[PDB]
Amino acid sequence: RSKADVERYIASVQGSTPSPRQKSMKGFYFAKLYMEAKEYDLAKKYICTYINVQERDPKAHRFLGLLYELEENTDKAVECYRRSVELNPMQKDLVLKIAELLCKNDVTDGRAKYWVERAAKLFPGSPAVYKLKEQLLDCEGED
């Protein structure tokens, strides 16, 4: 998909539902289409327009988190995923994902233990969680 293909769709929306709120309400479609076109900054811009008018949509926060995760912007990805899982706690997978991102970025992140413990509760016996706990144990001080 080209930038031009997405622009043609945005123009169609402008011609038929031109109100700023109707445009914002299409911003998740615009963002996904720009993600198809590998236009990551534009995808972030448009998903933000949508979050402005549909603030409680967990899917939009998760999509923005994925954009930040692709960029390796840990703090922003974790913030988005945290908001998504607050809005829709059925996404237990995001609890493990946050733990994993924090550990990958800086396992001396105090935040890692909190999320590893949350993940351990949701995924009892998980080797993915045990690997993170081993990493935390390896960087613990001694008495």
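Residue numbers run from 1 along the displayed sequence.
- Remark: stretch with higher mean C-alpha B factor among 103 to 111 and 37 to 45 is 103 to 111.
- The mean Cα B-factor in the deposited entry runs higher for 112 to 120 than for the other of 112 to 120 and 80 to 88.
- Among all modelled residues in this chain, the alpha-carbon of residue 129 has a temperature factor (C-alpha) in the lowest third.
- In the deposited entry, the Cα temperature factor of residue 53 places it in the highest third of its chain's modelled residues.
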